[PDB]
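Letter by letter, the chains look like this.
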Amino acid sequence: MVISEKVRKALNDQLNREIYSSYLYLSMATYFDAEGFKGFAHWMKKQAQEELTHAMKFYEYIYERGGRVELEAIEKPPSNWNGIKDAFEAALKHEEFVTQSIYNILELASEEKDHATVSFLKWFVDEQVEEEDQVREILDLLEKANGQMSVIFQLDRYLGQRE
Amino acid sequence: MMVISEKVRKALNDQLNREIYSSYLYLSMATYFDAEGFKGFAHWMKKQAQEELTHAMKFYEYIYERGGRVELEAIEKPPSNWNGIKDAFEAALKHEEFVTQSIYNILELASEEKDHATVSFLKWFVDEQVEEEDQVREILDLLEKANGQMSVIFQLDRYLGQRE
Amino acid sequence: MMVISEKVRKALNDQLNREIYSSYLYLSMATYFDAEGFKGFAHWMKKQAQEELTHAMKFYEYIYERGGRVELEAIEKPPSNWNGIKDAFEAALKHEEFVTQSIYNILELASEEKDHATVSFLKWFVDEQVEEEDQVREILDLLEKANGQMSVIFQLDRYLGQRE
Amino acid sequence: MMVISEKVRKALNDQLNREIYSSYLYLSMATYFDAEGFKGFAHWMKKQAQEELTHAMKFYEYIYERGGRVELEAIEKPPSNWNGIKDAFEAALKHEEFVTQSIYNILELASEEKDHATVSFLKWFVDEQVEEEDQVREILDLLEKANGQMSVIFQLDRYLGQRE
Amino acid sequence: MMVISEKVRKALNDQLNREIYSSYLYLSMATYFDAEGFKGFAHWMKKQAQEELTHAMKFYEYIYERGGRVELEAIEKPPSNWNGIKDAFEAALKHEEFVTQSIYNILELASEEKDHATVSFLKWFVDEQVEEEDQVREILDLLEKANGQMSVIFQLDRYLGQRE
Amino acid sequence: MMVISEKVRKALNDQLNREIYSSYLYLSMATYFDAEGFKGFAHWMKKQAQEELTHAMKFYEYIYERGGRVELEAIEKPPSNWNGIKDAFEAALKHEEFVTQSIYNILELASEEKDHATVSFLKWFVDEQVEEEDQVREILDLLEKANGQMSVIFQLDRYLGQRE
Ligand SMILES: [Fe+3]
Ligand SMILES: [Fe+3]
Ligand SMILES: [Fe+3]
Ligand SMILES: [Fe+3]
Ligand SMILES: [Fe+3]
Ligand SMILES: [Fe+3]
Ligand SMILES: [Fe+3]
Ligand SMILES: [Fe+3]
Ligand SMILES: [Fe+3]
Ligand SMILES: [Fe+3]
Ligand SMILES: [Fe+3]
Ligand SMILES: [Fe+3]
C-alpha cells in the first residue's frame, strides 16, 4: 500500500460519510413522499444515487493505491423536517460539512506530500461547488415563494424531472 | 390514510431496512474480494448490492402506495472478512435464505390479517428469492468442483466479472 | 450567503473587470491594424476580443456560484496606435503576462485562505494563459523572421486572418 | 482616403462607443438580476448585451468601409442596483429610446450633408430600434399586470430565460 | 524569452530523457519476453514503450510552450535479461515508482518557485502514474496467483496480448 | 534454434540499434527546428523519427523469426545544433546515405554466407533507402530554389508540416 495509513483512514472515513450522505438523502425522500411531493422525493432519490457514485470513487481509488476499504455502521438519519424549505436548509448545511470534510483530507494529503491523493480530491472540490450551488438556488427560489402553493407545485414538477 | 395495519407496515419497513443491509453486506463482500485481488467476484458483489437496493425501493413504493411511511434505521456494521472465496459465497447463501424466511414471515402475517394486497405484492419476492438462492448454489457448486485450481477460479472470476 | 471571503470576491471581481479591459484593448488593436491596412491582424484581434469576453463570463458565473455578486467598473480608454506591428503584438504579450501574474496573485491569495474551491477553479486560467502567452510569442518570432521585410509581414497577416 | 465627412465619422464613432456602453449596461442589469436570483431575466440581458456588440461591429465595419478609422473611448461605470425588476426593464426601455434618438441625430446630419450612403445604411438601425423598444414595452406590460405577484414574475423569468 | 526558470527547464528536460529511457527499458523487456516465447507479454511491453514516448513528447511540447529548448542526452543500455516473468514486472513496477517520485520532485521544485503553470501541467502525470503503477501491481497479483502454472501463465499472456 | 549465423545476427542487431539512433537523431533535429521556430520542419522530423522506429521493429521481428534474439545497446547523444535549415537537411541526407551503406554491408555479408532469406529480407530496405534519400534530396532542392527568401521558406515549413 503506497498511501499512508493516516490517509487511508481519512479516505475510508470519507467513503463512509458519502454512504451516510446517500442514506440521508433517501431519508429526505421518505419525508417528501410522506408529504405527497413526489417530485421533491424523486430529486432526493437521484441525489442519493449520486452520493453512491462518490463513495465508489473513493472505493476504487483506495484499492488503486494498495489500500483496503472497511465499511462501518451507518447512523440512523433524521426522518422528518419542518416543511420543504427546512429539508433543503438541512441539505445545504450537510453539503457544506461534506465540503469541509473533503478540505480536511486535502490538507492532510498536501502536508504528507501525497500529490496523487491531492490531485484525486480536486474532482470532489469542484463537484461540491456544484452541489452547494444547486441547493442554494433551490433555497433562494423557496424564499421568494414564501408560501405559495402554485410556485411550490411547479418546483416539485421541475425537480421531478431530474435525470 | 394508511390502509395497511401498523403491524404490516412495520414488517414491510423492517424488511426494507433488511434489504438495505443486504446491499451493504454484499458491498462488504466486494471489499473482501477486491482486497484478495478477485476483481470479477467483487464486480459480481457490487452488482448484487445494486440489485438489493432495487428490492428496497420496491418495498418503499408499495409502503407509500398503501398510505404508509418509511423510516430508515441505523445500518449495522457488516463483516468485512471471510476465510476464502467459498466461505464468502456460503455466507451469501445463508444470508439469502434468511432473507427468504423473513419474507415468508411477512407473507404469513399479511395472510393472517387477510391483507390480500400485501400477500399478492410479496409473490414477486418469493419468486425472486428462488432465483437468488439458486444463483449462489450454482456458484458454490462450481467452486466445489474447482477445488484449488486457479486455472478454473480465474475463469469463474472472469465470468462473474461479466454480470450485467 | 456568500462562501468566498470578501477579499477573494474582490480579487475575482477585479480580475473580471481586467478581462473586460483585455477584450477592449484587443478591439483597439484591431482598430490600429484595420487602419494600417493589415486586416488579418485585425480579424485575429477581434477573435481575441471575443475570447477575453468568455474569460470574463467564467469569472462572472463562478462569483455567483459562490454566493457573491459582480460589480462592473469603468473601463479605461485603451491606446489606439502603436509603432508598427511588432510594437502592438509586443504590447499584447506584455499585457497577457500581466494577466497571468494577476491570476497567479488570486491563486496565492485563495491558497493562503484555504479556499480550495477557488484555487481549483483558477487552474483553467493558468493553463489558458500558458497558451495565450505562447500564441503571441509565436507571432513575435515570425515577425522577427520577416526582418522589416514587408511582403512576408503581409504573409503573416493572411495566416492570422485564418483564426477561427 | 475617407469619403465620409469628419463630422459624420465622429457621429458614427460616437454611436459605436454608445453601443458598447449599451452592451455594458445590459451586462450590469444581468449582474443585478443574478444578484436577485432571477437567472432568466439575467439571461435575456446577457443576450441583449451580445446583440449590442453586433450593432457596434456594424458601425465598426461601415466606418472603415468609408475610409474612416475607429477610436474607442472610455466606458462609464454603469449602474449596479435597481429598485426592482420592473425598474430595470424600465431603464432598459429608456436607454433604447435614447439610442434611437442618437441614431435619429446621425441620420439627419447625414441627410443635411447629402451623405445618402450613410442615410441608407442607418435604416437598418432605425427598424431594429423599433423592434427592441417593442420587445421591452411588451415585458413592461406583462410586469405591470403581474403587479407584485411572484408566481407570475417566475413565469416571465422562465419565458425570458428561453431567448435564443 | 524563456518564462521557466533554468532550474525548472533542467528538471523538465531531465524528466523527458527519463521518459525516453523508460520507453527503451520496456522495449528491452519486450526483447526478453520475445526470447522466452511470450509474445503477449512482449506485445504489452511494446505498447508500454510507445506510451512512454507520448509522455516524453508531452514534456517536449510544454518545454517549448514556455520558451525553453529540449536537449536529448545519451541513453544508457538497459538490462536485457530478467530471472523470470515476475522479476521483469517487478522491475517495471520499481521503475514506475522511481518515475513517479521523479515527477513529484519536479512538482515540489515548481511549487517552491510559484511556477503555477508547471505545477498544473504536471497533474496529468501524477494521475497517469497512479494508473501505471496500478496496472503493474495487478499484473503482479495475477502472476502470484498463477504460481508457476503454465496453464494460467498462457492465459495471462493472452490477456496482456490484447492491449490496444 | 537460431537459423541465421551469429555474424548475420550481430549485423542485423547492430542495424536495429542504428535505426534507433536514426530515430533519435531526427528527433534532435526536431528540437533544433522547434528552437528556431519552424514547427512544420520539426513536425516533418518527428514523423521521420517514428518512421525510423518502424524500421527498427522490422529488423526486430525478422531477428526473432529466424530464432535470434535482440539486444538493445546504449544510444549515443546526437548533435542538437545545425548552422541553418539547409545544414540540418544536408546532415540528414548524409545520415541516410550512411544508413544505406550499412544495409549494403549486411546484404553483402548475407550473400557471402548464402543466407538467401536475409538477402531477400533486405531488398525492402534497399528500395526504401532509395526513397528516403530521394525525399531529403527533394527538400534540399526546394530549399536551394527558395534561396534565402523567408516567404518561400514559410510555405515549405507549412507544407512539410502537413506530413501524415
Ligand atoms: Fe458526495
Ligand atoms: Fe454531495
Ligand atoms: Fe433482496
Ligand atoms: Fe436478495
Ligand atoms: Fe483572458
Ligand atoms: Fe487572455
Ligand atoms: Fe444597439
Ligand atoms: Fe439596441
Ligand atoms: Fe512515463
Ligand atoms: Fe510511465
Ligand atoms: Fe531507417
Ligand atoms: Fe531512414
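Refer to the structure above for everything that follows.
Colleague: Any details on unusual backbone geometry? Residues and values, ideally.
Modeller: Even without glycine at this site, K113 of chain A takes up a positive phi of about 65 degrees. Relative to the helices and strands, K113 of chain A is located in the loop between α3 (84–111) and α4 (115–145). The phi dihedral of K114 of chain C is positive, around 60 degrees, even though this residue is not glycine.

Colleague: Residues and numbers for helix α4 (residues 116–146) of chain D, please.
Modeller: Residue and element names in this part refer to chain D. Taking 1.5 Å as the rise per residue, α4 with 31 residues should run 45 Å; its terminal C-alpha atoms sit 46 Å apart, in good agreement. Of all the bends found along α4, the most pronounced is centred on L122 and spans about 25 degrees. Residue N147 follows α4 closely and has a positive phi angle near 65 degrees.

Colleague: Break down the coordination of the iron ion (ligand 3) for me, with residues and values.
Modeller: Residue and element names in this part refer to chain B. The iron ion (ligand 3) binds to the protein through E19 (OE), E52 (OE) and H55 (ND1); the donor distances cover 2.0 to 2.2 Å. A gap of 2.8 Å separates the iron ion (ligand 3) and the iron ion (ligand 4), which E52 links by coordinating each metal. Of this pair, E19 sits in helix α1 (residues 6–35) while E52 sits in helix α2 (residues 39–65), and the two are 33 residues apart along the sequence. With respect to class, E19 is no different from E52; both count as buried.

Colleague: Provide a residue-level description of the relation of the copies chain F and chain C, including the pertinent values.
Modeller: Note on the copies: chain F fits chain C at an RMSD of 0.4 Å, the axial shift is 2.1 Å, and the rotation between them is 93 degrees. Interface residue correspondence from chain F to chain C reaches only 20%, placing this contact among heterologous pairings that use different surfaces.

Colleague: Got a sec to walk through the arrangement of the chains? Specific residues and values, please.
Modeller: At no point do chain B and chain D touch; the closest pair of C-alpha atoms across them sits 30 Å apart. With no contact formed, the shortest span from any C-alpha in chain D to any C-alpha in chain F equals 29 Å.

Colleague: Describe the packing of aromatic side chains, with residues and values.
Modeller: A complete count under the given rule lists 80 aromatic pairs over all chains for this structure. Over the ring of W124 of chain C we find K58 of chain C, and its NZ or CZ is 4.0 Å from the ring centre. Cation over ring: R163 of chain E sits above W44 of chain E, and NZ or CZ is 4.6 Å from the ring centre.

Colleague: A description of the coordination of the iron ion (ligand 1) should follow, citing residues and the corresponding values.
Modeller: Residues and elements named next belong to chain A. The protein atoms donating to the iron ion (ligand 1) are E18 (OE), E51 (OE) and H54 (ND1), with metal-donor distances spanning 2.1 to 2.2 Å. Spacing between the donor residues of the iron ion (ligand 1) along the chain follows E-x32-E-x2-H. The distance between the iron ion (ligand 1) and the iron ion (ligand 2) is 2.8 Å, with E51 acting as a donor to both metals. Of this pair, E18 sits in helix α1 (residues 5–34) while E51 sits in helix α2 (residues 38–64); the two residues are 33 residues apart in sequence, bridging distant segments of the chain. For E18, a relative accessible area of 0% gives the class buried.

Procedures and definitions
- Residues numbered from 1 in each chain as written, not as in the entry; some residues may be left out.
- Chains lettered and ligands numbered in written order.
- Part of a larger assembly, values for the part shown.
- Heavy atoms only, no water.
- Helix = DSSP H or I, 4+ residues; strand = E, 2+ residues; numbered from the N terminus.
- Expected span 1.5 Å × (residues − 1).
- Bend = angle between axes of the 7 residues up to and from the residue.
- Donors = N, O, S within 2.8 Å, 3.2 Å for Na, K, Ca; no water.
- Buried < 20%, exposed > 50% of the residue type's maximum accessible area, 1.4 Å probe, protein only.
- Least-squares fit on C-alpha atoms.
- Contact = heavy atoms within 4.5 Å.
- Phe/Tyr/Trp six-rings, centres within 6.5 Å; stacked < 30°, edge-to-face > 60°.
- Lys NZ or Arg CZ within 6 Å of the ring centre and 35° of its normal.

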